[PDB]
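sequence first, structure after; it's an experimental one.
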Amino acid sequence: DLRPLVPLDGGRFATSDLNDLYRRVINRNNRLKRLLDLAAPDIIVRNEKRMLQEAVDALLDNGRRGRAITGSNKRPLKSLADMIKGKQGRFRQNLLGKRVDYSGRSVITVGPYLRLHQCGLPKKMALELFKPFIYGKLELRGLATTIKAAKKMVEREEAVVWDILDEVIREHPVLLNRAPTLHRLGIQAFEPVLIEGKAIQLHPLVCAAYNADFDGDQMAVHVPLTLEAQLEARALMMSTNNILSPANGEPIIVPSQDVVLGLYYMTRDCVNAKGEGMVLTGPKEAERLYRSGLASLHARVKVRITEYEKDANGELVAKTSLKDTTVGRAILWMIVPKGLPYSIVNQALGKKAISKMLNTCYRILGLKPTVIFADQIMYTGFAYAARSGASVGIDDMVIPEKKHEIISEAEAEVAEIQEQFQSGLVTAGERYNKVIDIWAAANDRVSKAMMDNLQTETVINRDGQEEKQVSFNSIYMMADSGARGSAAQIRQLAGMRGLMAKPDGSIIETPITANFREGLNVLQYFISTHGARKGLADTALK
Amino acid sequence: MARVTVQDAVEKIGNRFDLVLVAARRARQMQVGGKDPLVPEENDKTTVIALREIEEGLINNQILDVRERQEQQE
Amino acid sequence: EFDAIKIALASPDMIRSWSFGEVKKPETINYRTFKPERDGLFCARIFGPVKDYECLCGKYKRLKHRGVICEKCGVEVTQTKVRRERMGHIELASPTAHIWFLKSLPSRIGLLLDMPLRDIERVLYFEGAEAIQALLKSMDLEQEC
Amino acid sequence: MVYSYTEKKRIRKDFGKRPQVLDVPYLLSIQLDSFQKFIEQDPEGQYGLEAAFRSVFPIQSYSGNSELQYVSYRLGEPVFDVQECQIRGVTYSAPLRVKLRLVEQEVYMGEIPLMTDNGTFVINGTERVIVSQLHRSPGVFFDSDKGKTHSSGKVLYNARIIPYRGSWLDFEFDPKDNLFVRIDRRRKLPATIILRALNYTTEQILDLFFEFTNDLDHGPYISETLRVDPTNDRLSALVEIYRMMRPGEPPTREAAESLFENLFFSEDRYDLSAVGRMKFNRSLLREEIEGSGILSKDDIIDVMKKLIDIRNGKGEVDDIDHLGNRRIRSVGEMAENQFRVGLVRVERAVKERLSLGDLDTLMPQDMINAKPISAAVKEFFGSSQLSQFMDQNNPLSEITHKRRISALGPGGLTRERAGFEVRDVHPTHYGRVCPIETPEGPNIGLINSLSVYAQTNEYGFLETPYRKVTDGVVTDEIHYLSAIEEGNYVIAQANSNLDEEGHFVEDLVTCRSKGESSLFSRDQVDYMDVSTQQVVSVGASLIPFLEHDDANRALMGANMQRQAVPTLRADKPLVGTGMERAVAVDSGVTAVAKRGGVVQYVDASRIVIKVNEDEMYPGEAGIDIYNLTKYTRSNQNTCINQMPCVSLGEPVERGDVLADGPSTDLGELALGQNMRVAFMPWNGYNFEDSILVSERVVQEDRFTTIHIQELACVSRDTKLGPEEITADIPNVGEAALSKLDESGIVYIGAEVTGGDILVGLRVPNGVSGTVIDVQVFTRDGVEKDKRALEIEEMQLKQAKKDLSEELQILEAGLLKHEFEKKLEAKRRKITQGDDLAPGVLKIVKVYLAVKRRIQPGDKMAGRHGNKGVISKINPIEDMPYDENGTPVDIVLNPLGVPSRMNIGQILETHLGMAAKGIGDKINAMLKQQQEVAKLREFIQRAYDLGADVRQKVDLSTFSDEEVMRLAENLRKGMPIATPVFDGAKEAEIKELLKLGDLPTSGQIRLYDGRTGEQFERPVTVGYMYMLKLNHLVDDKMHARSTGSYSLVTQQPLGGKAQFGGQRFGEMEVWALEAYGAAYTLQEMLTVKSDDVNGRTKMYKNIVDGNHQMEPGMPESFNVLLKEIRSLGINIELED
Amino acid sequence: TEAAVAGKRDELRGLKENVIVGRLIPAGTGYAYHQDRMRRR
DNA sequence: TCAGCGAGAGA
DNA sequence: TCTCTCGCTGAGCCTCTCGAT
RNA sequence: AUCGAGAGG
Ligand SMILES: O=c1ccn([C@@H]2O[C@H](COP(=O)(O)OP(=O)(O)OP(=O)(O)O)[C@@H](O)[C@H]2O)c(=O)[nH]1
Ligand SMILES: [Mg+2]
Ligand SMILES: [Zn+2]
């Protein structure tokens, strides 16, 4: 049974590689048995002893002596030593990794209505995962008398089955893992809630840990069985415990993308908005004024706010004061927990500011307030990002006028370098390095100039006099946020695309002096294809 | 509270890996044995009743060992 | 029910003791009938019965009769799972060298004996293993050490 | 330019500015020409089949005074046509009859598979495609190791002579500066040995290479190589070479010379092909380019001299990854090679049989046995690495698969053997191989797609068209230039401007010479490109606004366009490239008109055209009958359907589209649907890349698709408990029996839900549909039972009516025994027996049709690399709405536009908004029954917009009915076409938006659906073209609790089909260990699998409510121990 | 082969040694059980 | 195929 | 004592479909 | 169960 003769649909039976090797060894040995009994001449008896040695070589650890035995097709046979070593050996295919029962797999969606310790899974998955529990509790309730009757009730899918399932999955956590388990956070325990559908719903904050997006990515679910497994998942695996990464002190659950987009939009200020220069009782009046439409979200106002501090020994003491803030910051103040300074929200909250705020909340208060604060931050960020109505448009991307000037001067410099190389004073590699340095400097300069133009250029009037302020341009907000994007993407959208790199090294063919706003020509696109090929090859082969 | 986080539950014990106390003895004797829960159930499944008990402070290794010794005598 | 794993070389007597069936002469597998052919790579006497609590000969098929040998074929009745445990042996007319020891490493036989790998390679391939066996038996370890 | 009627109904506006000279050629030509050469009759006998027959024959008979001579060959009429081959399941092949004379009879030499009109073979009822292969050309190649061979760093130059058929041959150096000849990549020997073998003395060898050795200009390498040479006589060198070739190496003089002769200098063993000979002479600089196939000693001396010169520094080393060094082998050449192999195999047996003496009894037919030839041909067509399963998702997928070139396969690189240079692109790929379209897995760089204008030379090297430049004036004649010839000339860029005379307006014009791009004067230019889209392939040319996307996103979009599923109702793309018509026409899914005429009869399954007077033959009736394909499954289980697009009495010209296949709309490629998309965050339901979809899209079935599944029930033959097909099923309900008929087979048209009985449980899992087709095959001789008797009766009754339907219409236009004889043979086919695999009583096939509608978890995408998953089906009252009250269909996240660098979706959104604005204006004008003059005016003003457009559509020629039909087809939005690299600019988009009374910026004020409050900033909304990829959550969902287990290792199987569990690999175990989870790991390693007793005990405990496990030892450790003990090493567990 | 020649012995001290044979790893919640086993000896 | 490492070759 | 040919070891994870032996 | 070929993450 270790080398099975697996049955087949047809008359013929499939045969494993080991059986034929054993058969050949037996054939040669039995040939040696009868031949020596017949007193064959010494010249012939020695020849097939070598063949028997080769057969024993083939049976165990085939291919070491050269000319590995091939069966019907042109594929070397699989020997005993090939069932141990290698990727497909028993060590690394059946002992250090197995195929487990009580598990499933499905696609993942967002479902931003969940709490940090919850995941949503379909009813059709749950009714299959938790079958033995349902059988046992159906027997307990007296609805069924045997296992078969309860089974039939399960296939028929009555209402009692759904009620029992709702009762069963009340507190058993489930383990969710993605396909590449790079680090420890790649598998986590969640409390499950039944949903109607066919896709698993995963908390938005957890995704950054999994490196999990929603571009059709999938996930796998296992269910703990025994009591100790449930406690193990609850105490050490549950997502509320994994707040900080084991590699460094920084936290893992950091708001990103839409959450930050809403948050700094709430916290950013504007000059001469609607309702500026007003005194307010507190954050509640700010929320009422914003929802009623009597004041803008970016108005600069004065709010009487109260803050608790833990500077007293093991105690909280309060202080109230009039502080110059903006309305959106006043609303944002209503979700922070007791015992934190105001200055954590009296500024435009980028990704770094929000992460530092969460770290401070964990350091000062504890863990439960940190979880509550994270959930509130996510909800508020989503809501106000939705109400923001910020969109990307073709008129948003702006191009400066110094770009062509600096490209022309860099072209003059590289032409002078080419003239120098035409003379025998300098070699080829030095010219290559000089040109690449010149073009890198030009790219940095154009990026700086364009980012300056995008950042500064917003002028609004206050009581009839001009003034400058930080821009509300959608692209600049997206870049300054840190939600998604960097300075490289923006500079390639509004400057030079730069210098491309082959899979092995760099190329200095030409400067691609064309944006993605104004289209590339054929030659520039052909040049650019090198970097794309290099990146995909690097990924798939490193 | 207790269903979400067990930080207060582990503060009494001081060792996260010492969940053998909660599971191997308390939850098992509740599930299989005739032992009655101390705190009100609130329709909670087992293994959350025990965690609540350690969180408040009725269950610990010394107390369970002492009780086991009590039922050792006859 | 264990605390350690012990690995060592296998003596021929140990291998002969492992086998539950007599010998492996006939090279056959199956297809004389749907029952497996006697003494074949899939057999009944050697590697146990094929059907649970039922013998190949068909004399008895009851668990109350478990623990009795057969009369027509001589196959004891036992749960078929034992086919995952039993073993057998083949007796070679001429001793054959294990390739793992001679190759795939600094040769163990090539370090027991001073002459290099090529000499042993040409000796084995008749360009015999019995000579190598005699030489390995010839030395005394303590004297040479 | 006058317009065809199919083009006249809907005229797509063009924004192209560059006039086009060369029309897009036939896309599938590369797959049609080669196979033609394999079956055409060539009197010269140079091409495939006749060349192979001429090369193998005649038969010498080994000095026995006998001979075998062949005259010619013919291809017989196939037994079946394509369709019957598809249903019955046999190969669509023709018999090969060859007539021979012995020194006369026809002999059967197997059957040759035939290629259908599209270019796809039928092997076993499944259409297959043989991919062209890109492999290094035969000849001589000089290479270097680049100094990485040794720590010294000295470059080690070498030369290799690769034959089309034969053994390799290498000359290489060592850091000791000595020649070394390698044969068949074996161990090194001094090269002078071979000079000994060629009847050369040492004095002649020293005379050949020398005149006198210096330090830089010459080298005494020959002298040192001869000094190292152990041999001095020819015989010793020959026997040493024999010892190298044969390990046993008996001396056996007068046999070693035979081996050396047959190794290289025998035609039947070694042959350098004509392309190889030409490349050889070109590399070695010989004027003549034809010669002997076998190698010659002069060639060996010359290649050795060239290698010595290259080491000396006189020459230059070649570049391996140059498209002038690689060549394309298509299906015809490979089939010829395989057939020649079979012919050699059979002629061996012919010689063996002719050795014996047979007088007055031997016949030409008797000696030849065709079984090896048939076996070899069948193996090539059905088991090769390049005979791949067809991709039949949509026409674009079929064309892209047919126009593919693979560097893998026999005589090609392996995935591991490929370096990092064969994957990168090369400056010679411009105009021959697309730089964008390529896979993203392990095969990247090793698989490519042919360019749109690419053509193959007669030798096999890719060449591309160019326009000649004469006297500084661009002309209209085109010359096709290959990789080698392109370097010498200078090629201008396709974007250069003209003066309508051919003169270059620019003083300095951009050009590319010798692989580098620079400005050149007007007089120096010698050639110009033909079109701006000459570089990209078809899939990459189907993407609008390609020049604004990142190459990565263009690559992803090109790959995803091939995965779109054909929807329920095709819809044209509002923004396109103009290449849709060519793809749709050349795909072969549509039904094109062979001849002009007037549609005499139109129906849902047939078309009958009355051919015009001047096109009909003198004796022909003068009618054309087209039969359409209705609801037949494809390879990927999708739906293939054809719908007529003409009415009674319409005039028809040549090439007009009669019917639309899947994913087609009036002769255009339509892959998805147009949707109103707004770019904004909406409560985080589109968080990372998710998509929020309204409920109107689900209500209108805009993305509903039909999937057809084939299930087979085969009744095997078993002595005990023999299988049967009968309605009697033990222990079954009354309804399940009632749905089944008397015969036990499901009624056609019935609705079956998962868990029902099709043939007397069989319909699987949750998929449920309607039975649309039931086929039955029974073994010959056994009489049909019950329903199968009625099935063949209906087929036979329809078969008469089917054929008589063409007989009546044919007789309408215009002794009787000529046609009725065909009917009798047609009647026999249904009634006669059928081929089946041995051991089978009968086989019944059932087809199910299921309608899949979008739901959360279904992946959708666009044409610019922007993919996502539907996250919520929002109600209509919740979607953001415009001032006029029209809600949006899709809300997309603006986060993905900056980072994932595709501005193309934004540009397409703006242009689609402009197009739908024009369409809405036309619809508003048409709904009020305004005068036709206003329609003419508005349509002409819309069509005349642009800076300098090449289309120039004039409505004065159009009549009133024509313009009315055009307006009626233009009411849903006027289509717009932007060429790939010469498309619409931003200013033109703004002008078009201003014409339609829409904001220039492209953003409007939106209102919140739930609160009715204005969004604070303007939102970018428009129309964008979306596709539904073939990754549905209906199929990916899976769950297991307890099923069946494997045999050797008692673990659950793997795969959704087998109902198996997921794999808990090494990294997950490391994660569990890092958490310190010791009990979860112990239950996932012992209880959940691989332990026989733990599984049952824990199942019983869980059933009884006790969550306690009693782990044991896994069976995998037991099997490991048993196999190690079997290996001969004692291992045991001590206590 | 080196282990077979040397006649080595394995005490099952590490992680894969227990994972392969299916026991409680000597870390996390199995550390107490391993310590009890060691103290018994 | 590229990239390293240990035992064996002479020089 | 030491610089060089020749051999053997290794080369990420998970999932889905088809055909052909 | 393998081999070959695709595809997704
Ligand atoms: O070969 C591969 C490819 C992909 N992956 C897994 O998929 C991810 C990359 O594939 P994705 O497309 O899912 O991630 P992405 O967000 O970076 O791409 P875009 O949406 O911007 O187009 C990787 O991060 C990895 O988790 C692999 O593990 N191996
Ligand atoms: Mg992803
Ligand atoms: Zn018996």
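Everything's here; your move. Residues are numbered from 1 along each chain as shown, chains lettered A, B, ... in the order given. Ligands and ions are numbered 1, 2, ... in the order given.

near ligand 3, which residues of chain C?
C:57, C:59, C:70-73 (C-beta under 5 Å from the ion). C-beta: built from backbone N, CA, C; applies to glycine.

quick one: the helices in chain E?
Secondary structure of chain E (DSSP state H): helices at E:2-6, E:16-21, E:31-40.

what are the contacting residues of the second one?
Just to be clear, that refers to helix E:16-21. A:91, A:95-96, D:1069, D:1073, D:1081, D:1085, D:1113-1114, D:1117, E:10, E:12, E:24-26 (C-beta atoms under 8 Å, 6 or more residues apart in numbering or on different chains).

same thing but at 7 Å, please
Residues outside helix E:16-21 that contact it (C-beta atoms under 7 Å, 6 or more residues apart in numbering or on different chains) are A:95-96, D:1069, D:1085, D:1113, D:1117, E:10, E:12, E:24-26.

mark which of these are buried, thanks.
A:95-96, D:1069, D:1085, D:1113, D:1117, E:10, E:24-26 (16 or more other C-beta atoms under 10 Å in any protein chain shown).

now do the contacts for the residue nearest to residue C:72 when sequence neighbours are not counted.
Sequence neighbours aside, residue C:57 is the residue nearest to residue C:72 in space, at 3.6 Å (criterion: C-beta to C-beta, 6 or more residues apart in numbering or on different chains). For residue C:57, the contacting residues are C:70-73, C:75, by C-beta under 7 Å, 6+ apart.

who wins for most neighbours among those?
Among the contacts of residue C:57, the one with the most neighbours (other C-beta atoms under 10 Å in any protein chain shown) is residue C:75, at 23 neighbours.

now it: which helix or strand?
Here residue C:75, judged by DSSP states H and E, is contained in no helix and no strand.

that one touches residue C:59, doesn't it?
No. If you go by C-beta atoms under 7 Å, residue C:75 and residue C:59 don't touch, sitting 9.8 Å apart.

show me where chain C has its helices.
Using DSSP H, helices in chain C cover C:12-18, C:99-102, C:108-112, C:117-124, C:129-138, C:141-144.

make a markdown table out of the contacts of residue C:57 and add distance to residue B:24.
Output for these, formatted as a markdown table (distance: C-beta to C-beta, whole Å):
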| residue | distance to residue B:24 |
| --- | --- |
| C:70 | 49 |
| C:71 | 54 |
| C:72 | 55 |
| C:73 | 52 |
| C:75 | 47 |
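
farthest pair within those?
Within the contacts of residue C:57, C:71 and C:75 form the most distant pair, 9.9 Å apart (C-beta to C-beta).

in chain C, what residue comes closest to ligand 1?
residue C:104 (34.0 Å; C-beta to the nearest ligand atom).

what's the closest non-adjacent residue to that residue?
Per C-beta to C-beta, 6+ apart, closest to residue C:104 is residue A:64, 6.1 Å.

burial check on that neighbour, number of neighbours?
Residue A:64: 16 neighbours (other C-beta under 10 Å).

chain neighbours aside, what residue packs nearest to residue A:178?
Counting by C-beta to C-beta, 6+ apart, the residue nearest residue A:178 is residue A:210, at 5.0 Å.

roughly how far does the one you found sit from residue A:382?
19 Å (C-beta to C-beta, to the nearest Å).

which of the two has more neighbours?
The neighbour comparison of residue A:210 against residue A:382 (other C-beta under 10 Å) goes to residue A:382, with 26 against 23.

check whether the more buried one really touches residue D:686, as I assumed.
No. Using C-beta under 7 Å, residue A:382 is not in contact with residue D:686, being 10.6 Å away.

near residue 38, how many other residues are there?
If you meant another chain, say so; for now it's chain A. Residues near residue A:38, counting by other C-beta under 10 Å: 7.

try again with chain E
So residue E:38, with other C-beta under 10 Å, has 9 neighbours.

residue A:118 too?
Neighbour number of residue A:118 under other C-beta under 10 Å is 17.

for it, what are phi and psi?
Dihedral pair for residue A:118: phi -130, psi 150, per degrees, to the nearest 10.

for it, name its beta-bridge partners.
Counting by DSSP bridges, residue A:118 forms beta bridges with residue A:191.

in contact with it, which residues are there?
So residue A:118 contacts A:190-191, A:193, A:203 (C-beta under 7 Å, 6+ apart).

among the contacts of helix E:16-21, which two are most distant?
Across these (C-beta to C-beta), the longest gap, 19.5 Å, separates D:1069 and E:10.

any idea how far the residue nearest to residue A:344 when sequence neighbours are not counted is from residue A:364?
Excluding the flanking residues, the one nearest residue A:344 by C-beta to C-beta, 6+ apart is residue A:357, at 5.0 Å. Distance, residue A:357 to residue A:364, using C-beta to C-beta: 11 Å.

assumed residue A:193 was part of a helix.
No. Per DSSP: H, G, I helix; E, B strand; the rest coil, residue A:193 lies outside any helix segment and is strand.

and for the nearest residue to it once chain neighbours are set aside, the neighbour number?
Nearest in space to residue A:193, with sequence neighbours left out and distances taken as C-beta to C-beta, 6+ apart, is residue A:120 at 5.1 Å. Using other C-beta under 10 Å, residue A:120 has 21 neighbouring residues.

let me see the contact set for residue D:989.
D:910-911, D:914.

ok, now residue D:854?
Counted by C-beta under 7 Å, 6+ apart, residue D:854 has contacts D:693, D:698, D:703, D:870, D:1028.

now check stretch A:482-495, is it near chain D?
Yes. Using C-beta under 7 Å from any C-beta of the partner chain, stretch A:482-495 reaches chain D at A:483-485, A:489-490, A:492-493.

what's that stretch in contact with?
Against stretch A:482-495 from outside (C-beta under 7 Å, 6+ apart): A:256-257, A:260-261, A:350-352, A:397-399, A:403, A:446-447, A:450-451, A:475, A:478-479, A:498, A:515-517, D:895, D:898-899, D:901.
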